[PDB]
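Shown next: run_17.cif, containing mmCIF, N, CA and C atoms and all ligand atoms.
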data_run
#
loop_
_atom_site.label_atom_id
_atom_site.label_comp_id
_atom_site.auth_asym_id
_atom_site.auth_seq_id
_atom_site.Cartn_x
_atom_site.Cartn_y
_atom_site.Cartn_z
N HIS Z 1067 -29.97 35.08 41.58
CA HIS Z 1067 -31.02 35.58 42.53
C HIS Z 1067 -32.42 35.02 42.22
N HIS Z 1068 -32.49 33.83 41.61
CA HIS Z 1068 -33.76 33.22 41.17
C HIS Z 1068 -34.70 32.91 42.34
N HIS Z 1069 -34.13 32.60 43.50
CA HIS Z 1069 -34.90 32.33 44.73
C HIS Z 1069 -35.82 33.48 45.23
N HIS Z 1070 -35.56 34.72 44.82
CA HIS Z 1070 -36.48 35.84 45.12
C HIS Z 1070 -37.86 35.63 44.46
N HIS Z 1071 -37.88 34.93 43.32
CA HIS Z 1071 -39.12 34.63 42.58
C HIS Z 1071 -40.07 33.66 43.32
N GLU Z 1072 -39.51 32.76 44.12
CA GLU Z 1072 -40.29 31.76 44.85
C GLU Z 1072 -40.47 32.21 46.30
N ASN Z 1073 -41.44 31.60 46.99
CA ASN Z 1073 -41.74 31.93 48.38
C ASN Z 1073 -41.93 33.44 48.54
N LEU Z 1074 -42.94 33.97 47.85
CA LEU Z 1074 -43.15 35.42 47.79
C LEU Z 1074 -43.46 36.09 49.14
N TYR Z 1075 -43.92 35.32 50.13
CA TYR Z 1075 -44.09 35.88 51.48
C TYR Z 1075 -42.80 36.52 52.00
N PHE Z 1076 -41.65 35.93 51.67
CA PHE Z 1076 -40.39 36.46 52.18
C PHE Z 1076 -39.94 37.72 51.44
N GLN Z 1077 -40.47 37.91 50.25
CA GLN Z 1077 -40.13 39.04 49.42
C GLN Z 1077 -40.76 40.34 49.97
N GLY Z 1078 -41.99 40.28 50.45
CA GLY Z 1078 -42.64 41.51 50.90
C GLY Z 1078 -43.96 41.27 51.60
N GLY Z 1079 -44.68 42.36 51.82
CA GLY Z 1079 -45.99 42.32 52.46
C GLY Z 1079 -45.91 42.36 53.98
N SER Z 1080 -47.08 42.35 54.62
CA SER Z 1080 -47.16 42.46 56.08
C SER Z 1080 -46.77 41.18 56.78
N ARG Z 1081 -46.40 41.31 58.05
CA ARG Z 1081 -45.96 40.18 58.89
C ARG Z 1081 -47.14 39.31 59.23
N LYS Z 1082 -47.02 38.01 58.98
CA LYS Z 1082 -48.04 37.03 59.37
C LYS Z 1082 -47.64 36.06 60.48
N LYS Z 1083 -46.35 36.03 60.84
CA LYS Z 1083 -45.87 35.20 61.93
C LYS Z 1083 -44.53 35.71 62.44
N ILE Z 1084 -44.16 35.29 63.64
CA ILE Z 1084 -42.85 35.55 64.21
C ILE Z 1084 -42.14 34.21 64.23
N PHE Z 1085 -41.00 34.12 63.56
CA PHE Z 1085 -40.20 32.91 63.61
C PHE Z 1085 -39.37 32.98 64.88
N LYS Z 1086 -39.47 31.95 65.73
CA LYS Z 1086 -38.64 31.88 66.94
C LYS Z 1086 -37.26 31.37 66.53
N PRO Z 1087 -36.19 31.83 67.20
CA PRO Z 1087 -34.86 31.29 66.89
C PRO Z 1087 -34.77 29.75 66.89
N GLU Z 1088 -35.48 29.08 67.80
CA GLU Z 1088 -35.44 27.61 67.84
C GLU Z 1088 -36.06 26.96 66.61
N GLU Z 1089 -37.19 27.49 66.19
CA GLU Z 1089 -37.87 27.07 64.96
C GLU Z 1089 -36.95 27.19 63.73
N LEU Z 1090 -36.21 28.29 63.65
CA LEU Z 1090 -35.29 28.53 62.54
C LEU Z 1090 -34.11 27.57 62.58
N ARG Z 1091 -33.52 27.35 63.76
CA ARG Z 1091 -32.46 26.35 63.91
C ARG Z 1091 -32.92 24.98 63.45
N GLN Z 1092 -34.06 24.53 63.96
CA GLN Z 1092 -34.57 23.19 63.64
C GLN Z 1092 -34.78 23.01 62.13
N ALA Z 1093 -35.37 24.01 61.48
CA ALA Z 1093 -35.60 23.94 60.04
C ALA Z 1093 -34.32 24.12 59.23
N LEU Z 1094 -33.47 25.07 59.62
CA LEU Z 1094 -32.39 25.52 58.72
C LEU Z 1094 -31.02 24.92 59.01
N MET Z 1095 -30.74 24.56 60.27
CA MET Z 1095 -29.40 24.08 60.61
C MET Z 1095 -29.03 22.83 59.83
N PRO Z 1096 -30.00 21.93 59.54
CA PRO Z 1096 -29.65 20.78 58.70
C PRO Z 1096 -29.08 21.15 57.32
N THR Z 1097 -29.61 22.21 56.71
CA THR Z 1097 -29.09 22.65 55.41
C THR Z 1097 -27.68 23.20 55.53
N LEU Z 1098 -27.38 23.94 56.61
CA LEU Z 1098 -26.03 24.42 56.88
C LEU Z 1098 -25.06 23.27 57.16
N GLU Z 1099 -25.53 22.30 57.95
CA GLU Z 1099 -24.74 21.08 58.26
C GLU Z 1099 -24.35 20.35 56.97
N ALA Z 1100 -25.28 20.27 56.02
CA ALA Z 1100 -25.05 19.67 54.70
C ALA Z 1100 -23.88 20.31 53.97
N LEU Z 1101 -23.73 21.63 54.10
CA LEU Z 1101 -22.56 22.30 53.52
C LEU Z 1101 -21.26 21.98 54.25
N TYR Z 1102 -21.27 22.06 55.58
CA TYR Z 1102 -20.10 21.68 56.37
C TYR Z 1102 -19.60 20.25 56.07
N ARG Z 1103 -20.52 19.34 55.77
CA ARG Z 1103 -20.17 17.93 55.49
C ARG Z 1103 -19.39 17.76 54.19
N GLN Z 1104 -19.42 18.75 53.30
CA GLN Z 1104 -18.68 18.68 52.05
C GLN Z 1104 -17.21 18.92 52.33
N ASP Z 1105 -16.42 17.86 52.11
CA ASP Z 1105 -14.99 17.86 52.33
C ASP Z 1105 -14.41 17.34 51.02
N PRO Z 1106 -13.56 18.10 50.33
CA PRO Z 1106 -12.89 19.31 50.81
C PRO Z 1106 -13.62 20.64 50.51
N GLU Z 1107 -14.79 20.59 49.88
CA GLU Z 1107 -15.36 21.79 49.26
C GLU Z 1107 -15.75 22.88 50.26
N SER Z 1108 -16.13 22.50 51.48
CA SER Z 1108 -16.43 23.51 52.51
C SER Z 1108 -15.21 24.19 53.14
N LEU Z 1109 -14.00 23.64 52.97
CA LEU Z 1109 -12.82 24.13 53.72
C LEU Z 1109 -12.51 25.61 53.51
N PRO Z 1110 -12.63 26.12 52.26
CA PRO Z 1110 -12.42 27.58 52.10
C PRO Z 1110 -13.53 28.47 52.66
N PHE Z 1111 -14.64 27.89 53.11
CA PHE Z 1111 -15.83 28.62 53.58
C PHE Z 1111 -16.15 28.49 55.07
N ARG Z 1112 -15.30 27.78 55.83
CA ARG Z 1112 -15.57 27.52 57.25
C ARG Z 1112 -15.12 28.65 58.17
N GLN Z 1113 -14.47 29.67 57.61
CA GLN Z 1113 -14.01 30.80 58.38
C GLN Z 1113 -14.09 32.02 57.47
N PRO Z 1114 -14.12 33.23 58.04
CA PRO Z 1114 -14.09 34.41 57.18
C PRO Z 1114 -12.79 34.49 56.39
N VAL Z 1115 -12.88 35.04 55.19
CA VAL Z 1115 -11.70 35.26 54.38
C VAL Z 1115 -10.78 36.21 55.13
N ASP Z 1116 -9.52 35.83 55.25
CA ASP Z 1116 -8.50 36.64 55.89
C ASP Z 1116 -7.50 37.06 54.82
N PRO Z 1117 -7.64 38.28 54.28
CA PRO Z 1117 -6.80 38.75 53.16
C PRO Z 1117 -5.29 38.70 53.38
N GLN Z 1118 -4.85 38.93 54.61
CA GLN Z 1118 -3.42 38.99 54.93
C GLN Z 1118 -2.84 37.57 54.93
N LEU Z 1119 -3.53 36.64 55.58
CA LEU Z 1119 -3.16 35.23 55.56
C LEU Z 1119 -3.11 34.65 54.15
N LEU Z 1120 -4.10 35.00 53.33
CA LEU Z 1120 -4.26 34.42 52.01
C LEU Z 1120 -3.54 35.17 50.87
N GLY Z 1121 -2.85 36.26 51.20
CA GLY Z 1121 -2.12 37.08 50.24
C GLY Z 1121 -2.98 37.76 49.19
N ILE Z 1122 -4.20 38.16 49.58
CA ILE Z 1122 -5.15 38.79 48.65
C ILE Z 1122 -5.63 40.14 49.23
N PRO Z 1123 -4.70 41.11 49.37
CA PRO Z 1123 -5.01 42.41 50.00
C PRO Z 1123 -6.08 43.23 49.30
N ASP Z 1124 -6.32 42.97 48.02
CA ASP Z 1124 -7.42 43.64 47.32
C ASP Z 1124 -8.81 43.06 47.62
N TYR Z 1125 -8.91 42.03 48.48
CA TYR Z 1125 -10.17 41.31 48.68
C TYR Z 1125 -11.35 42.23 49.01
N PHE Z 1126 -11.16 43.13 49.97
CA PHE Z 1126 -12.25 44.02 50.38
C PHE Z 1126 -12.49 45.21 49.43
N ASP Z 1127 -11.61 45.45 48.46
CA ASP Z 1127 -11.95 46.35 47.34
C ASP Z 1127 -13.06 45.74 46.46
N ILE Z 1128 -13.14 44.41 46.42
CA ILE Z 1128 -14.09 43.69 45.57
C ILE Z 1128 -15.34 43.21 46.31
N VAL Z 1129 -15.12 42.60 47.48
CA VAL Z 1129 -16.17 42.02 48.28
C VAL Z 1129 -16.46 42.97 49.43
N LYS Z 1130 -17.60 43.63 49.35
CA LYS Z 1130 -18.01 44.62 50.36
C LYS Z 1130 -18.75 44.04 51.55
N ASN Z 1131 -19.36 42.88 51.37
CA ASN Z 1131 -20.17 42.29 52.42
C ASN Z 1131 -19.76 40.82 52.57
N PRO Z 1132 -18.64 40.58 53.26
CA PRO Z 1132 -18.17 39.20 53.45
C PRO Z 1132 -19.15 38.33 54.22
N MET Z 1133 -19.12 37.04 53.93
CA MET Z 1133 -19.93 36.09 54.65
C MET Z 1133 -19.30 34.72 54.49
N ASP Z 1134 -19.56 33.84 55.45
CA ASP Z 1134 -18.97 32.51 55.50
C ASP Z 1134 -19.79 31.61 56.40
N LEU Z 1135 -19.48 30.32 56.39
CA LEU Z 1135 -20.30 29.35 57.10
C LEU Z 1135 -20.37 29.60 58.62
N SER Z 1136 -19.25 30.01 59.21
CA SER Z 1136 -19.17 30.15 60.67
C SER Z 1136 -20.01 31.31 61.16
N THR Z 1137 -20.07 32.37 60.35
CA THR Z 1137 -20.90 33.54 60.65
C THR Z 1137 -22.36 33.18 60.55
N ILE Z 1138 -22.71 32.45 59.49
CA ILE Z 1138 -24.09 32.00 59.32
C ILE Z 1138 -24.48 31.10 60.49
N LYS Z 1139 -23.58 30.16 60.85
CA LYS Z 1139 -23.80 29.30 62.02
C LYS Z 1139 -24.07 30.11 63.29
N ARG Z 1140 -23.20 31.08 63.55
CA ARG Z 1140 -23.31 31.92 64.73
C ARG Z 1140 -24.65 32.66 64.80
N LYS Z 1141 -25.13 33.16 63.66
CA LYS Z 1141 -26.38 33.88 63.58
C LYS Z 1141 -27.56 32.97 63.90
N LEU Z 1142 -27.53 31.75 63.35
CA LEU Z 1142 -28.51 30.74 63.74
C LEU Z 1142 -28.39 30.38 65.22
N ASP Z 1143 -27.16 30.20 65.70
CA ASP Z 1143 -26.92 29.82 67.11
C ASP Z 1143 -27.35 30.90 68.11
N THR Z 1144 -27.30 32.16 67.72
CA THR Z 1144 -27.59 33.26 68.65
C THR Z 1144 -28.90 33.99 68.34
N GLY Z 1145 -29.70 33.45 67.42
CA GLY Z 1145 -31.00 34.02 67.10
C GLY Z 1145 -31.00 35.34 66.34
N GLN Z 1146 -29.98 35.59 65.51
CA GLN Z 1146 -29.87 36.87 64.80
C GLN Z 1146 -30.69 36.95 63.51
N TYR Z 1147 -31.21 35.83 63.02
CA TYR Z 1147 -32.15 35.82 61.92
C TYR Z 1147 -33.57 35.97 62.42
N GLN Z 1148 -34.28 36.95 61.88
CA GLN Z 1148 -35.71 37.08 62.15
C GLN Z 1148 -36.55 36.18 61.27
N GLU Z 1149 -36.10 35.92 60.04
CA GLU Z 1149 -36.86 35.14 59.07
C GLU Z 1149 -35.95 34.22 58.25
N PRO Z 1150 -36.50 33.11 57.69
CA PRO Z 1150 -35.64 32.15 56.97
C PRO Z 1150 -34.91 32.73 55.76
N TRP Z 1151 -35.57 33.64 55.04
CA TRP Z 1151 -34.96 34.25 53.86
C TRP Z 1151 -33.66 34.95 54.16
N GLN Z 1152 -33.50 35.49 55.37
CA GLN Z 1152 -32.28 36.19 55.73
C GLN Z 1152 -31.09 35.22 55.77
N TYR Z 1153 -31.38 34.00 56.21
CA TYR Z 1153 -30.41 32.92 56.24
C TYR Z 1153 -30.05 32.51 54.80
N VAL Z 1154 -31.08 32.27 53.98
CA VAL Z 1154 -30.88 31.91 52.58
C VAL Z 1154 -30.04 32.97 51.88
N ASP Z 1155 -30.38 34.25 52.08
CA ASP Z 1155 -29.61 35.33 51.44
C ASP Z 1155 -28.15 35.42 51.89
N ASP Z 1156 -27.87 35.10 53.16
CA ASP Z 1156 -26.48 35.00 53.60
C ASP Z 1156 -25.73 33.84 52.95
N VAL Z 1157 -26.38 32.68 52.81
CA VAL Z 1157 -25.74 31.56 52.09
C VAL Z 1157 -25.40 32.00 50.66
N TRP Z 1158 -26.37 32.60 49.96
CA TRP Z 1158 -26.13 33.09 48.59
C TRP Z 1158 -25.09 34.19 48.50
N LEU Z 1159 -25.05 35.07 49.51
CA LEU Z 1159 -24.03 36.10 49.59
C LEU Z 1159 -22.62 35.49 49.65
N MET Z 1160 -22.47 34.47 50.49
CA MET Z 1160 -21.22 33.74 50.59
C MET Z 1160 -20.81 33.17 49.23
N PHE Z 1161 -21.74 32.53 48.54
CA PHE Z 1161 -21.43 31.93 47.22
C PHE Z 1161 -21.13 33.02 46.19
N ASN Z 1162 -22.00 34.03 46.14
CA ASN Z 1162 -21.81 35.13 45.19
C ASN Z 1162 -20.51 35.87 45.38
N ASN Z 1163 -20.06 36.08 46.62
CA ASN Z 1163 -18.75 36.71 46.87
C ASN Z 1163 -17.60 35.87 46.29
N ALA Z 1164 -17.67 34.56 46.48
CA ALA Z 1164 -16.63 33.63 45.99
C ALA Z 1164 -16.56 33.58 44.48
N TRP Z 1165 -17.74 33.53 43.85
CA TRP Z 1165 -17.83 33.52 42.39
C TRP Z 1165 -17.40 34.85 41.79
N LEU Z 1166 -17.58 35.94 42.54
CA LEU Z 1166 -17.15 37.27 42.10
C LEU Z 1166 -15.66 37.44 42.22
N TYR Z 1167 -15.12 37.07 43.39
CA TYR Z 1167 -13.72 37.32 43.65
C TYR Z 1167 -12.80 36.40 42.84
N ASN Z 1168 -13.21 35.16 42.67
CA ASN Z 1168 -12.33 34.15 42.10
C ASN Z 1168 -12.63 33.90 40.64
N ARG Z 1169 -11.58 33.67 39.86
CA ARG Z 1169 -11.75 33.21 38.48
C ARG Z 1169 -12.43 31.85 38.42
N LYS Z 1170 -13.11 31.61 37.31
CA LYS Z 1170 -13.80 30.35 37.09
C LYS Z 1170 -12.85 29.15 37.23
N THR Z 1171 -11.62 29.27 36.72
CA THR Z 1171 -10.66 28.16 36.77
C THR Z 1171 -9.76 28.16 38.01
N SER Z 1172 -10.31 28.49 39.19
CA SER Z 1172 -9.58 28.40 40.47
C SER Z 1172 -10.31 27.40 41.35
N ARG Z 1173 -9.59 26.83 42.31
CA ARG Z 1173 -10.16 25.80 43.16
C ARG Z 1173 -11.35 26.31 43.98
N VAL Z 1174 -11.25 27.51 44.54
CA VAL Z 1174 -12.33 28.02 45.39
C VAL Z 1174 -13.61 28.23 44.57
N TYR Z 1175 -13.49 28.70 43.33
CA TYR Z 1175 -14.66 28.79 42.46
C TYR Z 1175 -15.34 27.44 42.27
N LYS Z 1176 -14.55 26.40 41.98
CA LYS Z 1176 -15.10 25.06 41.77
C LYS Z 1176 -15.84 24.56 43.01
N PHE Z 1177 -15.22 24.76 44.15
CA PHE Z 1177 -15.78 24.34 45.43
C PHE Z 1177 -17.07 25.09 45.76
N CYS Z 1178 -17.08 26.37 45.44
CA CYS Z 1178 -18.28 27.17 45.60
C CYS Z 1178 -19.43 26.58 44.82
N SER Z 1179 -19.19 26.24 43.55
CA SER Z 1179 -20.24 25.66 42.71
C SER Z 1179 -20.80 24.36 43.26
N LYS Z 1180 -19.94 23.51 43.81
CA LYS Z 1180 -20.38 22.25 44.43
C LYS Z 1180 -21.32 22.47 45.63
N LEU Z 1181 -20.87 23.39 46.49
CA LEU Z 1181 -21.64 23.78 47.66
C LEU Z 1181 -22.97 24.38 47.26
N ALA Z 1182 -22.97 25.24 46.24
CA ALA Z 1182 -24.23 25.83 45.72
C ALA Z 1182 -25.17 24.76 45.22
N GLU Z 1183 -24.63 23.74 44.55
CA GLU Z 1183 -25.45 22.62 44.09
C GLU Z 1183 -26.11 21.89 45.26
N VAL Z 1184 -25.31 21.59 46.28
CA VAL Z 1184 -25.78 20.91 47.50
C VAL Z 1184 -26.86 21.74 48.20
N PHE Z 1185 -26.60 23.03 48.34
CA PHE Z 1185 -27.55 23.91 49.01
C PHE Z 1185 -28.91 23.93 48.31
N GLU Z 1186 -28.90 24.11 46.99
CA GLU Z 1186 -30.16 24.16 46.22
C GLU Z 1186 -31.02 22.95 46.50
N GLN Z 1187 -30.39 21.77 46.48
CA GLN Z 1187 -31.08 20.50 46.79
C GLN Z 1187 -31.68 20.41 48.21
N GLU Z 1188 -30.97 20.94 49.20
CA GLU Z 1188 -31.43 20.85 50.58
C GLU Z 1188 -32.46 21.91 50.93
N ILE Z 1189 -32.29 23.11 50.37
CA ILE Z 1189 -33.06 24.27 50.82
C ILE Z 1189 -34.48 24.35 50.25
N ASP Z 1190 -34.65 23.95 49.00
CA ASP Z 1190 -35.93 24.12 48.29
C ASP Z 1190 -37.12 23.55 49.05
N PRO Z 1191 -37.06 22.27 49.49
CA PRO Z 1191 -38.20 21.73 50.25
C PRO Z 1191 -38.40 22.41 51.61
N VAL Z 1192 -37.31 22.82 52.26
CA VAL Z 1192 -37.40 23.49 53.54
C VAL Z 1192 -38.11 24.84 53.39
N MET Z 1193 -37.75 25.63 52.39
CA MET Z 1193 -38.36 26.97 52.26
C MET Z 1193 -39.84 26.92 51.89
N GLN Z 1194 -40.25 25.91 51.11
CA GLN Z 1194 -41.68 25.66 50.84
C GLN Z 1194 -42.46 25.49 52.14
N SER Z 1195 -41.94 24.65 53.04
CA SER Z 1195 -42.60 24.37 54.32
C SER Z 1195 -42.69 25.58 55.27
N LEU Z 1196 -41.81 26.57 55.10
CA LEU Z 1196 -41.79 27.74 55.97
C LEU Z 1196 -42.51 28.97 55.41
N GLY Z 1197 -42.82 28.97 54.11
CA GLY Z 1197 -43.47 30.10 53.46
C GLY Z 1197 -44.95 30.16 53.77
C1 LIG N 1 -5.54 32.62 47.69
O1 LIG N 1 -6.75 33.06 47.11
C2 LIG N 1 -7.93 32.81 47.77
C3 LIG N 1 -9.00 33.53 47.29
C4 LIG N 1 -10.24 33.32 47.86
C5 LIG N 1 -10.44 32.44 48.88
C6 LIG N 1 -9.39 31.73 49.39
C7 LIG N 1 -8.16 31.90 48.83
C8 LIG N 1 -9.89 30.94 50.40
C9 LIG N 1 -9.18 30.05 51.21
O2 LIG N 1 -8.14 29.52 50.80
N1 LIG N 1 -9.67 29.84 52.49
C10 LIG N 1 -9.08 29.06 53.46
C11 LIG N 1 -8.74 29.67 54.67
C12 LIG N 1 -8.17 28.96 55.74
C13 LIG N 1 -7.84 29.65 56.93
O3 LIG N 1 -7.14 29.10 57.82
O4 LIG N 1 -8.22 30.83 57.14
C14 LIG N 1 -7.95 27.58 55.57
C15 LIG N 1 -8.29 26.91 54.38
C16 LIG N 1 -8.06 25.57 54.29
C17 LIG N 1 -8.23 24.69 55.29
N2 LIG N 1 -7.90 23.46 54.86
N3 LIG N 1 -7.55 23.58 53.58
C18 LIG N 1 -7.13 22.40 52.76
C19 LIG N 1 -7.63 24.87 53.22
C20 LIG N 1 -8.86 27.67 53.31
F1 LIG N 1 -9.20 27.10 52.18
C21 LIG N 1 -11.20 31.21 50.50
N4 LIG N 1 -11.55 32.14 49.58
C22 LIG N 1 -12.80 32.63 49.33
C23 LIG N 1 -13.98 32.06 50.15
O5 LIG N 1 -13.05 33.38 48.38
#
The structure given in the file should be rewritten as structure tokens.
Ligand SMILES: COc1ccc2c(c1)c(C(=O)Nc1cc(C(=O)O)cc(-c3cnn(C)c3)c1F)cn2C(C)=O
Amino acid sequence: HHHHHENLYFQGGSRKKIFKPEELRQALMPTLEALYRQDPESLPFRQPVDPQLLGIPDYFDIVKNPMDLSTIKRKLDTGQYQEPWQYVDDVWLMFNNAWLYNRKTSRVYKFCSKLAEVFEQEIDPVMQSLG
């Protein structure tokens, strides 16, 4: 959760601007696209986890707030984010759920780490420009 330390405007205080959905798409969709471009690493993250399909019925005992790339895409596509930090926190939620649910020595854990590396590189300059 180190990103809470930077861009303190998103952490708290009074409203200084209204982000329009188009503004957020233009700034943020490229960072999401960067994750989708990771093949094979994005494949476990392009749809919500389906416990019955994947044989992991305990999934929702562990992960209370599921998230995935397609949901994040949809929220950007339909204007459901009011501010950029909400998008960033959903990306981190997706990664944190995967790292929580999966052992370190499983494929999905490894793929999560790769995607997290890619995201950090793409997002940092973007969030500076929006803060
Ligand atoms: C069996 O144990 C687990 C445990 C956690 C998993 C997954 C599996 C997982 C996953 O396998 N997602 C997934 C889902 C689907 C789907 O159709 O819903 C498809 C793939 C997939 C697509 N192509 N490939 C090679 C794999 C895919 F990787 C995604 N997970 C997450 C994000 O935690």
If we count only C-alpha atoms, what is near region 1121-1133 of chain Z at a cut-off of 9 Å, once residues fewer than 6 positions away on the same chain are taken out, given as a PyMOL selection string?
chain Z and resi 1111+1113-1115+1156-1157+1159-1161+1163-1164+1166-1167
What does the distance between atom N of residue 1179 (chain Z) and CA of residue 1102 (chain Z) come to in Å, to one decimal place?
13.6 Å
Considering only helix (DSSP H, G or I) as DSSP defines it on the backbone, what residues of chain Z qualify? List them as number ranges by chain.
Z: 1068-1070, 1074-1076, 1087-1102, 1109-1111, 1117-1120, 1125-1128, 1135-1143, 1150-1167, 1173-1196
Quick one: residues within 6 Å of (-31.2, 31.5, 47.1) (file frame), counting all atoms listed in the file, please, as a VMD selection string.
chain Z and resid 1069 to 1070 1154 to 1155 1158
Once you add 3 Å to each side, what are the centre and edge lengths of the axis-aligned box holding all listed atoms of ligand LIG 1 (chain N)? One decimal in Å, as AutoDock Vina command-line options, if you can.
--center_x -9.8 --center_y 28.0 --center_z 52.5 --size_x 14.4 --size_y 17.1 --size_z 16.7
Show me, as a PDB file with N, CA and C atoms, in the frame of the given file, the residues that have an atom within 8 Å of region 1140-1151 of chain Z when counting only C-alpha atoms, minus same-chain residues fewer than 5 positions from it.
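Saved result, around-v7.pdb, follows:
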ATOM      1  N   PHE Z1076     -41.650  35.930  51.670  1.00  0.00           N
ATOM      2  CA  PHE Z1076     -40.390  36.460  52.180  1.00  0.00           C
ATOM      3  C   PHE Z1076     -39.940  37.720  51.440  1.00  0.00           C
ATOM      4  N   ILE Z1084     -44.160  35.290  63.640  1.00  0.00           N
ATOM      5  CA  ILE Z1084     -42.850  35.550  64.210  1.00  0.00           C
ATOM      6  C   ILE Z1084     -42.140  34.210  64.230  1.00  0.00           C
ATOM      7  N   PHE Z1085     -41.000  34.120  63.560  1.00  0.00           N
ATOM      8  CA  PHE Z1085     -40.200  32.910  63.610  1.00  0.00           C
ATOM      9  C   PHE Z1085     -39.370  32.980  64.880  1.00  0.00           C
ATOM     10  N   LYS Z1086     -39.470  31.950  65.730  1.00  0.00           N
ATOM     11  CA  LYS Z1086     -38.640  31.880  66.940  1.00  0.00           C
ATOM     12  C   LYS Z1086     -37.260  31.370  66.530  1.00  0.00           C
ATOM     13  N   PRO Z1087     -36.190  31.830  67.200  1.00  0.00           N
ATOM     14  CA  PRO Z1087     -34.860  31.290  66.890  1.00  0.00           C
ATOM     15  C   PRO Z1087     -34.770  29.750  66.890  1.00  0.00           C
ATOM     16  N   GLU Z1088     -35.480  29.080  67.800  1.00  0.00           N
ATOM     17  CA  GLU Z1088     -35.440  27.610  67.840  1.00  0.00           C
ATOM     18  C   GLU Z1088     -36.060  26.960  66.610  1.00  0.00           C
ATOM     19  N   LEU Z1090     -36.210  28.290  63.650  1.00  0.00           N
ATOM     20  CA  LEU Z1090     -35.290  28.530  62.540  1.00  0.00           C
ATOM     21  C   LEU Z1090     -34.110  27.570  62.580  1.00  0.00           C
ATOM     22  N   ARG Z1091     -33.520  27.350  63.760  1.00  0.00           N
ATOM     23  CA  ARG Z1091     -32.460  26.350  63.910  1.00  0.00           C
ATOM     24  C   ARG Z1091     -32.920  24.980  63.450  1.00  0.00           C
ATOM     25  N   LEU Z1094     -33.470  25.070  59.620  1.00  0.00           N
ATOM     26  CA  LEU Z1094     -32.390  25.520  58.720  1.00  0.00           C
ATOM     27  C   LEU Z1094     -31.020  24.920  59.010  1.00  0.00           C
ATOM     28  N   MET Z1095     -30.740  24.560  60.270  1.00  0.00           N
ATOM     29  CA  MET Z1095     -29.400  24.080  60.610  1.00  0.00           C
ATOM     30  C   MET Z1095     -29.030  22.830  59.830  1.00  0.00           C
ATOM     31  N   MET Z1193     -37.750  25.630  52.390  1.00  0.00           N
ATOM     32  CA  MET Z1193     -38.360  26.970  52.260  1.00  0.00           C
ATOM     33  C   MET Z1193     -39.840  26.920  51.890  1.00  0.00           C
ATOM     34  N   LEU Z1196     -41.810  26.570  55.100  1.00  0.00           N
ATOM     35  CA  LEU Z1196     -41.790  27.740  55.970  1.00  0.00           C
ATOM     36  C   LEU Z1196     -42.510  28.970  55.410  1.00  0.00           C
TER      37      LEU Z1196
END
Just want the 7 Å neighbourhood of residue 1185 (chain Z), counted on only C-alpha atoms, with same-chain residues fewer than 3 positions away dropped. Output as a list in words.
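Everything that qualifies: residues 1097, 1101, 1181, 1182, 1188 and 1189 of chain Z.
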Considering only C-alpha atoms and all ligand atoms, can you say which of Z:1197, Z:1117, Z:1191, Z:1110 comes closest to ligand LIG 1 (chain N)?
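Distance minimum relative to ligand LIG 1 (chain N) lands on Z:1110.
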Among listed residues Z:1168, Z:1152, Z:1136, Z:1187, nearest ligand LIG 1 (chain N) (using all atoms listed in the file)
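Nearest to ligand LIG 1 (chain N): Z:1168.
For the residues Z:1184, Z:1178, Z:1120, Z:1171, ranking by smallest atom-to-atom distance to ligand LIG 1 (chain N) using all atoms listed in the file places Z:1120 first.
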Using all atoms listed in the file, which residue out of Z:1099, Z:1134, Z:1089, Z:1190 lies closest to ligand LIG 1 (chain N)?
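Of the candidates, the smallest distance to ligand LIG 1 (chain N) is held by Z:1134.
Rounded to one decimal, atom C of residue 1072 (chain Z) and atom N of residue 1183 (chain Z) lie 18.0 Å from each other.
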Nearest to ligand LIG 1 (chain N), chosen from Z:1192, Z:1119, Z:1138, Z:1109, with all atoms listed in the file counted in the distances
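Closest to ligand LIG 1 (chain N), using all atoms listed in the file: Z:1109.
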Min atom-atom distance to ligand LIG 1 (chain N) from the set Z:1165, Z:1186, Z:1103, Z:1071, counting all atoms listed in the file, belongs to Z:1165
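Distance-wise, atom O4 of ligand LIG 1 (chain N) and atom N of residue 1116 (chain Z) end up 5.5 Å apart.
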